[PDB]
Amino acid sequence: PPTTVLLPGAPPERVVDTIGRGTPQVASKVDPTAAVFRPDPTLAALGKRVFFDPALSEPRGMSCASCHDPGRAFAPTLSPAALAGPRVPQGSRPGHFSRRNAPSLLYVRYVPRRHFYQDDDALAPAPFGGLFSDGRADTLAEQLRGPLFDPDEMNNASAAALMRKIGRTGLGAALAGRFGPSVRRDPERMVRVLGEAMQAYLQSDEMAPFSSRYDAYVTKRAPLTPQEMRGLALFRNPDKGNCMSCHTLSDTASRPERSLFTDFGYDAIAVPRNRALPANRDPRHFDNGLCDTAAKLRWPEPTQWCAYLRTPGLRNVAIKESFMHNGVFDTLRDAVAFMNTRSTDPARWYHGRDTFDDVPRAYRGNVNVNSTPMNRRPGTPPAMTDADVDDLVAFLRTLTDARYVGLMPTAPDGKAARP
């Protein structure tokens, strides 16, 4: 096709090729700020009701909010068992856990549909977009099927069973009131309209507040501290932090939405294995990220994408209880320190081993060793000092939306609060 629309309301994008089974390659970068969100207010309110309804799990008692706490920027507040164990959300039953850490859902409306784009300084197109860290859902409506029917999360047996359960409650009556009686008879329609309602909620302005001190710096040049400005400088310095090369920002713009702190692209940084995750009880099992989606979509040579994961946005990062797709780090400073010394000090991060412990041998070539600061060899000085790392942490704390600032720690290596 000549064009494709990758975010709601956005200008159509020129398609220059199709990769595998329907993934468009576009001619220009998607600008997430060009999207236009106009969710129907009562539809959004219905989606919010769904989001907080604990009847939607098996056994009952777990809602979306059980892993996406509104008091923590819709990132998980871990159960005591999860905090002591794998550091990813607990599912609907004791001893069952998500396969990955759950992100904040604030700003999720800006995640575009899957597409490829080849920058001027690139030999091949790169993948962007898709929901989940492996991009396996193209839209928010499609995403909903994941947690609802995952035995380790909300654990509904089938769409039919979920439909029967909902149909018997006030939620079923409300859905039938808006959509008509067939939502109580057709399980496919039930799932689809739940997705439409959830999409409206998650696309509402409530779910993209832009209320951080960084945002006040962008809109009004309200001053940050000298330390925070040192961290901002390191963050956009290609020779020190180089963070801006993947966690996109525009600190000279005046619109906060030009700073989402991700380009929604993918890379392979090889964070350490979290052996507390149930799936990793098999030492031959690895969560390989994007290549599972690439295989499903018949992208050519799909294992080139093994160990690739979607670059997360960093807004509200400093109130999370664990970090990276596998929750392996429990402090923000450790995540930043890892970026700086994975390549120079692998034994620190991989239990004395000199190379990655969560990437199969076959896929080690996929790991990024070219981007600063991951491009320095063992025994050479890292790009940044421990003081630089502290300053980066100080800067990342400016990305917390106003209502959540009290959850942040004060010590550079501190953990988010559990009030």
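The first residue of the shown sequence is 1; numbering continues from there.
Output the stretch having the higher mean C-alpha B factor in the entry; the candidates are 184-192 and 285-293.
Comparing 184-192 with 285-293, the higher average CA B-factor belongs to 184-192.
Mean CA B-factor: is it higher for 261-269 or for 215-223?
Result of the comparison: 215-223.
Sort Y350, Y363, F51, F37 by C-alpha B-factor from the entry and give me just the highest.
The listed residue with the largest C-alpha B-factor is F37.
With respect to the C-alpha temperature factors reported in the PDB entry, which of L144, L202, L234, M339 ranks highest?
Each of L144, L202, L234, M339 was compared by C-alpha B-factor; the highest is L144.
Of the three thirds of its chain by CA temperature factor, lowest, middle or highest, which one includes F179?
Highest third - that is where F179 ends up once the chain's C-alpha B-factors are sorted.
Where does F149 sit by CA temperature factor within its chain: lowest, middle or highest third?
CA B-factor rank for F149: highest third.
Third of the chain, ranked by Cα B-factor, where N156 sits:
Tercile = middle for this residue's CA B-factor.
Against its chain's modelled residues, does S63's Cα B factor rank lowest, middle or highest third?
CA B-factor rank for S63: lowest third.
Where does the C-alpha B-factor of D386 rank in its chain, lowest, middle or highest third?
Ranked within chain, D386 CA B lands in the middle tercile.
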